[PDB]
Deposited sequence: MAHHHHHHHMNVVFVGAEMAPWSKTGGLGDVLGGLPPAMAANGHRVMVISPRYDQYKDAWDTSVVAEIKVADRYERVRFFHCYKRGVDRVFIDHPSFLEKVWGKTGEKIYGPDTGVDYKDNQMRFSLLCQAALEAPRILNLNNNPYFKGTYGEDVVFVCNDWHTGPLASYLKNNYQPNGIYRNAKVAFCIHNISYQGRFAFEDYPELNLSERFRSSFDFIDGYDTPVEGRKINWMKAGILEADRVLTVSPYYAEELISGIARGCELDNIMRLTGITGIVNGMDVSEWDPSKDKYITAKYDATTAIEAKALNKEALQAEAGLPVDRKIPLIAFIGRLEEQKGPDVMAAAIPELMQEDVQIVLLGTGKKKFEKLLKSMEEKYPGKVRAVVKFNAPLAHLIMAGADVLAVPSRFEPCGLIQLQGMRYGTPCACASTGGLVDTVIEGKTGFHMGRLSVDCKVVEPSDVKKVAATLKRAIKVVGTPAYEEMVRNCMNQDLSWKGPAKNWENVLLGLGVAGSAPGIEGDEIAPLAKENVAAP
């Protein structure tokens, strides 16, 4: 009931963030700390971070051949030991395994060779009685490395490791010839062994970090009970890949959100701050502000749909694009924000091209506009092919922007038909294709939603969306309940 928890991962918010691998490592740790636990977060140091004080300690780490020395910078925040692995690989305007071999290894060092009494309730060295939580493929090998170099000769021993699957789309798939460069022994080789892209003319033996991660760990996890069930089942399509393997007894906990960064009542990018009680009328102002900014006609009576995502197959921009002509039979505005492929970037761009005054396709990392979008949009459209957690709909609801979404993944957990949004049905999972039945559902659902807008029930829906707790408080209790199971 009083465990030491060490979180490892490539990205770590606020410092190194892009996808919701960042947010997870930024928010879950302190929430877990606030539950009276010794909680640490090891991740690489990508830049010369300000509150990042070198604690001088250095390990030397065996990578391929070269013996590599790492610096350990520290910053101790929010009840949480934030540790940063320093090294010149971690600064690059290939040698990809190297860096994260570094990472997993260094992360095995910081628990012992660091004395850190900053915590008012816990002193000394973290110990060798740990629970490791490994995140995404980048940390796969850690479980392995621990059994290789520690458990045989008395170090850690009764410790355990949980592997968290943030997105099955990225597995860390490498040449099988590159194996030995991990200074792990053959026993573990079999766990990495992968037959990639079978039957297709590109099939090839491969090394798979996630696979290793998954197979070697004491407990496996993902970011959503429905996603867990989608995997355990068969739907395990990471798009290009499929099933990877008969996944076994995996466990899913819905993510929380960074409720401080996204807080309509304190947000500083948007024209009008609000809570649930003034949402409707402030959202109108934000909406018009948005309408201007997007050079669309300013009119609060026009329902505005929003799409915000990386323009990749997983987030269904092609599908969104196909549905536009249909929706343009209605008096509605659609604002899309994201950046990804070319084919999609121009798919949307052509849509703006065809209906100006009604469609605006924006292509950039405009964080300010995302906020503005969240504040002013009436519905968020999230036609995902697959969706492990989803941060966009959590953000949306926080801002009272109900969601019309694909009935896949974490959206099934977080978006309730009638209370906080509108399910669309599940989309064809053949990423490379655009099912006309899908184009139909998407269109259809969006039409319903926009018809709801600006009616009493809609305002209730908004209120529901705002009145949830989407902090890490509830999540963190679920996580710990799992980290309990692990005996340590």
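S.K.: What ranges of the deposited sequence are left out of this structure?
M.R.: Going by the record, the segments left unmodelled (no C-alpha atoms) fall at 1-7, 101-118, 514-536.
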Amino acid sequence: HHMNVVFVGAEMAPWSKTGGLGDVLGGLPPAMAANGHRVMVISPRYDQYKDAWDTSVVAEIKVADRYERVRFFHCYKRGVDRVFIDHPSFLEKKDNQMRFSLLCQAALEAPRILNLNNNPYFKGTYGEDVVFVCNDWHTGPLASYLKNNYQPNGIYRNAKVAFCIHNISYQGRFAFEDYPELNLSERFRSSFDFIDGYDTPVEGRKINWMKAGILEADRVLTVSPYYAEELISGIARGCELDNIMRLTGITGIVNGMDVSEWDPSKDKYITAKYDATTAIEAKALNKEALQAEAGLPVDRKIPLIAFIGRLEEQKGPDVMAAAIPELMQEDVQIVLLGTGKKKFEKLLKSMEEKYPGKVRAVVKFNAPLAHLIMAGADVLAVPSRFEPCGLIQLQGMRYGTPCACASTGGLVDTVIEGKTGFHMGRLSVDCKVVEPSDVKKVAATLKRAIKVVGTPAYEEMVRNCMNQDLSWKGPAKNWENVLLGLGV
From here on, numbers count along this sequence of modelled residues.
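S.K.: Taking the recorded C-alpha temperature factors, which stretch has the higher mean, 389-397 or 338-346?
M.R.: The entry gives the higher C-alpha B-factor average to 338-346.
S.K.: Taking the mean of the C-alpha B-factors per stretch from the entry, tell me the winner out of 469-477 and 16-24.
M.R.: Higher mean C-alpha B-factor in the PDB entry: 16-24.
S.K.: Of the choices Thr408, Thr277, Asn119, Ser224, which one's C-alpha carries the largest B-factor in the record?
M.R.: Spelled out: the listed residue with the top C-alpha B-factor is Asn119.
S.K.: Can you tell me which of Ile308, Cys75, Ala404, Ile214 has the maximum CA B-factor listed in the PDB entry?
M.R.: Out of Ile308, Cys75, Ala404, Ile214, the record gives the largest C-alpha B-factor to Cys75.
S.K.: Compare the C-alpha B factor of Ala31 with those of the other modelled residues in its chain, then answer lowest, middle or highest third.
M.R.: Tercile = middle for this residue's CA B-factor.
S.K.: Is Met351 in the lowest, middle or highest third of its chain when residues are ranked by C-alpha B-factor?
M.R.: As the PDB entry reports it, the C-alpha B-factor of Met351 lands in the middle third of its chain.
S.K.: Compare the C-alpha B factor of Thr445 with those of the other modelled residues in its chain, then answer lowest, middle or highest third.
M.R.: Its C-alpha B-factor belongs to the lowest third of this chain's values.
S.K.: Sort the modelled residues of this chain by their C-alpha B factor and say whether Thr420 lands in the lowest, middle or highest third.
M.R.: As the PDB entry reports it, the C-alpha B-factor of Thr420 lands in the lowest third of its chain.
S.K.: Would you mind ranking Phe132 by its C-alpha B-factor against the rest of the chain and naming the third, lowest, middle or highest?
M.R.: As the PDB entry reports it, the C-alpha B-factor of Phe132 lands in the middle third of its chain.
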